[PDB]
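Below you'll find the structure, written out as structure tokens, and then a few comments.
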Amino acid sequence: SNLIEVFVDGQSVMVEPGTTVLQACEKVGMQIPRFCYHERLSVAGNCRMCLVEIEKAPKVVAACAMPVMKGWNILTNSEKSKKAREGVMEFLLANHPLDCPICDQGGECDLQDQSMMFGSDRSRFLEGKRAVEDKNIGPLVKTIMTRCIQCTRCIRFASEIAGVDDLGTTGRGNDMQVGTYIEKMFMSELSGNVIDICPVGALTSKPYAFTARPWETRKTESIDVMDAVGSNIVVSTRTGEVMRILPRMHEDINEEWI
Amino acid sequence: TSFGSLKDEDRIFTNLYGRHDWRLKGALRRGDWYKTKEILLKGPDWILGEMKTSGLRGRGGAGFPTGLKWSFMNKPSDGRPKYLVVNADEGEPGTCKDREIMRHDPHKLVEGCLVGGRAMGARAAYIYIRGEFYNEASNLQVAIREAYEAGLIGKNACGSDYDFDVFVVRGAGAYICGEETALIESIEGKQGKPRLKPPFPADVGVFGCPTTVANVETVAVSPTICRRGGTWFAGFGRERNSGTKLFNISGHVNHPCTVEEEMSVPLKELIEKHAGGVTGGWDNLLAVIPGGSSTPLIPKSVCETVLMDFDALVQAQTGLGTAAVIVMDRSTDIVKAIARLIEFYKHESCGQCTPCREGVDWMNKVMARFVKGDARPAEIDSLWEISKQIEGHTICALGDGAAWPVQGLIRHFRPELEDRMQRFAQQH
Amino acid sequence: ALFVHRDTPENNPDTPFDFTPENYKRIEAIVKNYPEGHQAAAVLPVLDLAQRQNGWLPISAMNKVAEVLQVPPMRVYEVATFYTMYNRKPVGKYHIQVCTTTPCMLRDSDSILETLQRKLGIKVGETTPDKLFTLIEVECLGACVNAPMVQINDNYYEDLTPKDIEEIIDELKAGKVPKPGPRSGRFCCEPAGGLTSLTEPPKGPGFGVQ
Amino acid sequence: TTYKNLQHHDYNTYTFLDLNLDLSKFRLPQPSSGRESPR
Amino acid sequence: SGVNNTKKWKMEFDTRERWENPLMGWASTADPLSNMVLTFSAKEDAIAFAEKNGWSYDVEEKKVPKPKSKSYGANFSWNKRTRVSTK
Ligand SMILES: Cc1cc2nc3c(=O)[nH]c(=O)nc-3n(C[C@H](O)[C@H](O)[C@H](O)COP(=O)(O)O)c2cc1C
Ligand code: SF4
Ligand code: SF4
Ligand code: SF4
Ligand code: FES
Ligand code: FES
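Right under this line is the structure:
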């Protein structure tokens with residue numbers, strides 16, 4: 006019924022047309038790495054970390070954007086895919102700051118976890134890094150912009166969900182950076198999800214600044230009372246004190262936002 | 010057979026040095042717009058067949074079969090317009106041909122845009138030209154006005170029921186905007202940032218509509234190809250390298266110039282029979298960047314005993330590219346040359362792709378150090394691995410073009426780097 | 005340079021800039037070149053026209069272009085910072101930009117840049133006190149064959165030399181304006197000394213027809 | 030024979046847009062998307 | 047964005063008083079089952095264990111995300127609103 010037979014490490018899958026390699030791997034259970042992809046935002050091909058290998062194909066494709074054709078077989082733990090991931094992580098961490106002990110995105114860092122799993126264990130980068138001027142864009146969101154890995158999740162979230170169109174990329178090349186060309190403030194009813202969406206600690210929450218670390222928190226699952234929607238929420242405590250509040254996926258109410 | 014020694018009657022681009030006129034009258038006296046009405050009325054399929062049988066290949070970047078590329082858009086209408094887009098953006102170093110074309114033979118370009126639009130069933134032809142070419146674009150627009158007024162363009166194109174709109178569009182100083190999709194985005198008003206393919210412009214291109222991209226040279230030769238049959242063009246090169254070609258010869262040559270010769274022409278004959286010959290002699294030469302700066306380099310030992318065409322240059326590992334020869338000699342620092350050339354790419358990168366973004370600058374730094382010799386040989390293989398990391402894990406081909414030169418240099422001039430390093434070690 | 009704006013008395017939304025009437029008409033004619041909807045495709049030409057009204061782009065001009073095209077000003081700041089032909093710092097009267105890419109470099113654009121720095125007394129990047137010349141180093145431009153070259157405002161001057169560029173700069177320093185093109189005998193791009201082709205005449209309106 | 034392309038020695042900044050304006054009258058009705066903008 | 051933690055069911059308890067020590071300010075308790083978390087591969091096994099031991103249990107369902115239609119081409123349409131303003 007308009008379905009297609011695809012292969013993931015040899016195993017057959019039924020998928021609808023227009024479906025992507027990443028989505029097929031997920032339907033099998035496998036999970037491709039990500040920095041620029043998010044189910045609820047537009048698609049971009051910037052991070053170059055979702056790259057996998059197709060049987061009988063010289064070039065690696067992007068799983069976030071390439072719709073799966075019939076008959077393809079996808080090799081996820083292949084030498085080519087793994088070398089691509091290693092190189093991309095090498096490049097990402099080339100110009101990253103060594104701020105992990107100051108970064109409140111410390112025990113929650115997708116970059117950390119993916120460097121440990123799919124990345125190498127040492128650096129061949131013996132050159133000088135770069136540094137960026139830190140913006141001020143509100144009382145809630147703290148910006149250390151020398152940690153941005155230029156994934157565009159913030160820009161896309163703003164343009165699409167929050168309908169703001171005030172974040173963007175000014176410049177080009179490594180000299181490029183993200184934010185507003187001016188001292189504008191980003192104060193929306195939804196400003197605060199850029200924090201959960203930024204894979205790194207470039208955007209953080211000023212209230213939660215420096216108060217705790219993830220492996221300390223006990224997490225209970227509750228709901229909002231501020232409004233009459235009932236947004237599903239997580240309350241993260243530490244030694245009997247409430248430290249922060251997080252969303253919790255309920256795709257029929259709030260779908261990862263609060 | 011043999012090749013070279015092309016005749017001024019088999020040449021296509023007359024007025025190449027502006028010794029004749031470039032206006033409507035001169036183009037008429039040279040042959041432009043002759044029988045174009047019948048070329049049209051024949052139908053698109055006829056024209057696509059001519060393209061195919063001509064063995065023509067893209068003259069911008071990587072030569073791709075124009076017949077197949079244009080037939081990709083030979084289709085019905087899903088309810089949208091369909092466009093043609095000529096990338097006059099000519100920013101690749103060593104290339105100065107599209108400028109001469111646009112400022113001397115603009116009527117040929119107009120006619121080629123019309124013919125390609127008919128071949129595709131299109132409606133309008135946008136021409137995206139560098140913003141530094143102001144006078145050239147002004148002359149081009151003067152010619153477009155001449156056409157609009159005469160009646161060769163617009164509603165009744167040349168005596169048929171085909172309506173066609175030719176528009177000119179300017180850039181703002183970016184090399185990446187030569188890319189198929191970056192150009193499209195810049196026209197749409199966004200930044201010069203490419204797209205991932207698929208989708209291909211044949212399906213979702215400019216404004217979301219089917220747009221076919223092409224080059225000045227290709228579109229401007231299309232009409233002569235059509236009115237000469239294809240079997241003429243075809244009979245000047247190897248089975249697949251058929252056609253004439255524009256070669257921009259510069260570097261350490263006595264008389265740098267821009268020439269039109271037969272394909273598969275030995276680079277040595279191209280340097281001697283034209284161009285005034287290398288400076289200092291044939292033995293002072295050191296190496297060549299044949300097909301533009303993006304392409305890697307080949308040394309004298311290959312520059313001799315070699316042809317000039319996509320195949321038989323692939324073998325020497327330096328694709329033909331834009332046919333922009335940059336000659337060098339024994340009085341140079343190839344490391345400094347290619348390092349400045351990589352700094353070019355570091356400045357012209359757009360930004361989004363991680364490998365390109367964060368690695369072209371890495372490589373620029375490494376090469377700036379290699380010049381002095383502030384390194385150790387163990388970094389050369391690391392440079393190789395980094396270039397290979399960048400090559401195929403990008404979006405566009407700018408990373409590929411920035412990687413290939415380093416590969417060529419490390420492959421053909423490693424001892425010079427090692428000696429520079431040892432000399433730095435000596436004079437700490 | 006910098007891709008961030010701090011409001012100064014010389015640059016701010018209160019800075020005065022509006023579009024002239026004839027330029028409003030030109031803007032209308034430009035927008036009529038793009039479909040109904042998808043009219044944000046004029047940002048580049050409109051920004052260039054604002055540069056030509058005043059040779060540099062202020063935040064006020066950006067906001068005005070945004071108000072005109074109904075496009076948010078972020079999608080104008082992006083373009084203005086991405087494309088290098090835009091001047092967000094006030095340029096002088098003549099914007100010399102010398103190609104220092106490998107071809108012109110090995111054909112010794114370095115020496116002409118030295119000549120120019122010495123003459124004008126100012127080094128790359130900065131402008132003259134009288135605000136007459138602004139000097140820059142730049143990448144390829146489309147004159148690699150006539151490699152040693154410059155671009156001042158919209159004109160090219162090719163195959164120049166120390167003496168030739170000094171003469172051109174003296175003519176510009178006077179109230180006089182020179183004529184563009186190669187300054188080394190050759191006309192546009194032909195081989196030095198003459199031609200290696202096009203020695204014969206062309207064919208009439210009809211030939212090779214089939 | 031001598032050089033001919035000597036028309037650009039007198040062009041001016043607003044030339045290109047003046048001519049684009051002159052041609053706006055010759056242009057043909059562009060198509061439409063049924064929308065003022067993507068909003 | 048990792049999902050290797052939403053794959054095994056877990057059983058925990060209700061939380062109780064957690065007060066402050068006067069001496070040093072630490073977190074003191076009397077419930078010895080506050081840090082008790084058990085892992086299972088099946089709700090049926092979890093509930094069987096709960097019944098076996100004699101605990102009144104609440105159960106939640108596995109909130110799985112929906113399949114989504116993604117089209118990189120939708121960001122460049124000629125007629126729709128999905129068109130994106132920044133690439
Ligand atoms: C960095 C970069 C620069 C490019 N520059 C040009 C160019 O200046 N001219 C051009 O025709 N194509 C350029 N291309 C590739 C174009 O996509 C290609 O030449 C064009 O689409 C083919 O047109 P054709 O049908 O005439 O062969 C460039 C590609 C990249 C990645
Ligand atoms: S985002 Fe923070 S925790 Fe993650 S690698 Fe960067 S500095 Fe370290
Ligand atoms: S600030 Fe965060 S979310 Fe925004 S582009 Fe940078 S890494 Fe991505
Ligand atoms: S490879 Fe470089 S220039 Fe090309 S799209 Fe990616 S970031 Fe831009
Ligand atoms: S997840 Fe595919 S490029 Fe980022
Ligand atoms: S290298 Fe200088 S004009 Fe091209």
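If you read the sequences in order, they're chains G, F, E, s and Q. Per the deposited numbering, the first sequence runs over residues 6 to 263. Per the deposited numbering, the second sequence runs over residues 10 to 437. Per the deposited numbering, the third sequence runs over residues 5 to 214. Per the deposited numbering, the fourth sequence runs over residues 30 to 68. Per the deposited numbering, the fifth sequence runs over residues 47 to 133. Backbone N, C-alpha and C define an ideal beta-carbon position, used for all residues, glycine too.
Roughly how many angstroms separate the alpha carbons of F:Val344 and F:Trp371, rounded to a whole number?
Those two C-alpha atoms are separated by around 16 Å.
Taking only heavy atoms of ligand 4 into account, decide whether any of them is closer than 7 Å to the Cβ of residue 469 of chain F.
The question about residue 469 of chain F has no answer, for chain F in this structure spans 10 to 437.
How about E:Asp22 and E:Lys68: are their beta carbons less than 8 Å apart?
Yes; because the gap between Cβ atoms is below 8 Å, this pair is in contact.
Please check the pair residue 5 of chain F and F:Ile21, which I expect to be a contact at CB under 8 Å, by giving their CB distance rounded to whole angstroms.
Past the edges of chain F, shown from 10 to 437, lies residue 5 of chain F, and the structure says nothing about it.
Let's see if you can read the secondary structure: which residues bound the alpha helix (DSSP H) around G:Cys159?
Annotation: the continuous alpha helix (DSSP H) that includes G:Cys159 extends over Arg158 to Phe162.
Under a criterion of Cβ closer than 5 Å to any non-hydrogen atom of ligand 6, which residues qualify, in chain order?
Every residue whose beta carbon comes nearer than 5 Å to a heavy atom of ligand 6 appears here in chain order: F:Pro102, E:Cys103, E:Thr105, E:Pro107, E:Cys108, E:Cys144, E:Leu145, E:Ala147 and E:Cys148.
Considering just the uninterrupted stretch of the beta strand (DSSP E) at F:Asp174, what are its terminal residues?
First-last of the beta strand (DSSP E) with F:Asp174: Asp174 to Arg179.
In the DSSP output, what is E:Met153 paired with across the bridge?
Bridge partners of E:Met153: E:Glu162.
Using a beta-carbon distance below 8 Å, is E:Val181 in contact with chain F?
At a cut-off of 8 Å, the C-beta of E:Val181 has no neighbouring C-beta in chain F.
Near-chain G residues of the region 395-423 of chain F (beta-carbon distance less than 9 Å), N- to C-terminal order:
Residues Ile395, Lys397, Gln398, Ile399, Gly401, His402, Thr403 and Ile404.
So if I measure from each beta-carbon to every heavy atom of ligand 7 and keep distances below 6 Å, which residues remain?
Although ligand 7 was asked about, the structure shown includes only ligand 1, ligand 2, ligand 3, ligand 4, ligand 5 and ligand 6 as ligands.
Is the shortest distance between the beta-carbon of E:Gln155 and the beta-carbons of chain F less than 8 Å?
Put simply, the CB of E:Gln155 is near chain F, with a gap under 8 Å to one of its CB atoms.
Measuring straight from C-alpha to C-alpha, what distance separates Q:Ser117 and s:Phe45?
Here the alpha carbons of s:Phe45 and Q:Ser117 stand approximately 39 Å from one another.
Along the chain, where does the beta strand (DSSP E) containing F:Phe256 start, and where does it finish?
DSSP places F:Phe256 in the uninterrupted beta strand (DSSP E) bounded by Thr253 to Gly260.
Determine whether the beta carbon atoms of E:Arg187 and E:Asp168 lie at a separation below 8 Å.
Contact: yes.
Thinking C-beta only, is E:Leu61 closer than 8 Å to E:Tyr98?
Taking C-beta atoms as the reference points, E:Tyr98 and E:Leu61 fail to come closer than 8 Å.
Taking only beta carbons into account, state which residues of the region 79-98 of chain F come closer than 8 Å to chain Q, listed in chain order.
Residues of the region 79-98 of chain F whose Cβ lies closer than 8 Å to any Cβ of chain Q, in chain order: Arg89.
Quick one: any contact between the region 191-203 of chain G and the region 136-148 of chain G, if contact means 3 or more CB pairs under 8 Å?
Taking 8 Å as the limit for Cβ pairs, the verdict is that the region 136-148 of chain G does touch the region 191-203 of chain G.
Does the beta carbon of G:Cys159 fall short of 7 Å from some heavy atom of ligand 3?
Within the cutoff, so yes.
Kindly list, in the order they appear in chain E, the residues whose Cβ is closer than 7 Å to that of Q:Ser131.
Those within 7 Å of Q:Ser131 in chain E are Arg79.
Got a sec, what are the start and stop residues for the beta strand (DSSP E) F:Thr220 sits in?
Per DSSP, F:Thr220 belongs to the beta strand (DSSP E) from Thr220 to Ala223.
Pairing CB atoms from the region 98-108 of chain Q with CB atoms from the region 237-251 of chain G, are three or more of them under 8 Å?
Result no; under three Cβ-Cβ pairs closer than 8 Å.
With 8 Å as the threshold, decide whether the Cβ of F:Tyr157 is near any Cβ in chain s.
At least one chain s Cβ lies under 8 Å of F:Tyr157.
Nearest-angstrom Cα distance between E:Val154 and E:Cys193?
Rounded to whole angstroms, E:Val154 and E:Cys193 show a C-alpha spacing of 15 Å.
Residues, ordered as in the chain, of the region 71-95 of chain E that lie near chain Q by beta-carbon distance below 9 Å:
When CB distances to chain Q are screened at a threshold of 9 Å, the residues of the region 71-95 of chain E falling below it are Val75, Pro76, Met78, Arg79 and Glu82, in chain order.
Can you tell which of G:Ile166, G:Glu165 and G:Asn78 has its C-alpha closest to the C-alpha of G:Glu10?
For the set G:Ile166, G:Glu165 and G:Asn78, the Cα lying nearest the Cα of G:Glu10 is the one of G:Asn78.
Does the region 215-224 of chain F touch the region 123-139 of chain F, meaning 3 or more C-beta pairs lie closer than 8 Å?
Yes: at least three Cβ pairs fall under 8 Å.
Would you grab the beta carbon distance between Q:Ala92 and Q:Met57 for me? Rounded to a whole angstrom, and I think it's under 8 Å.
About 5 Å; that satisfies the 8 Å criterion.
Determine, for s:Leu57, whether the minimum Cβ-Cβ distance to residues of chain F falls below 8 Å.
Closer than 8 Å to some Cβ of chain F, the Cβ of s:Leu57 qualifies, so yes.
Which one of F:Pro53, F:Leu149 and F:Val369 has the shortest CA to CA distance from s:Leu48?
The option with the nearest alpha carbon to s:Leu48 is F:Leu149.
Tell me the rounded alpha-carbon separation between F:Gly410 and F:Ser303.
The C-alpha of F:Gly410 lies about 4 Å from the C-alpha of F:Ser303.
Report buried or exposed for E:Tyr38, applying the criterion of at least 16 other Cβ atoms within 10 angstroms of its Cβ.
So E:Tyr38 counts as buried.
Rounded straight-line distance, which links the Cα of G:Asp180 to that of F:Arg38
Between F:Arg38 and G:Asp180, the C-alpha separation is close to 52 Å.
Proximal residues of chain E, C-beta to C-beta of G:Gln182 below 8 Å
Taking the beta carbon of G:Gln182 as reference, the chain E residues within 8 Å of it are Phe7, listed in sequence order.
Which residue from F:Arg366, F:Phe176 and F:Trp55 puts its Cα closest to that of G:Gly176?
With respect to the C-alpha of G:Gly176, the residue from F:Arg366, F:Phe176 and F:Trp55 having the closest C-alpha is F:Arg366.
Minimum Cβ-Cβ distance from s:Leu50 to chain F less than 8 Å
So no, s:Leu50 is outside the interface.
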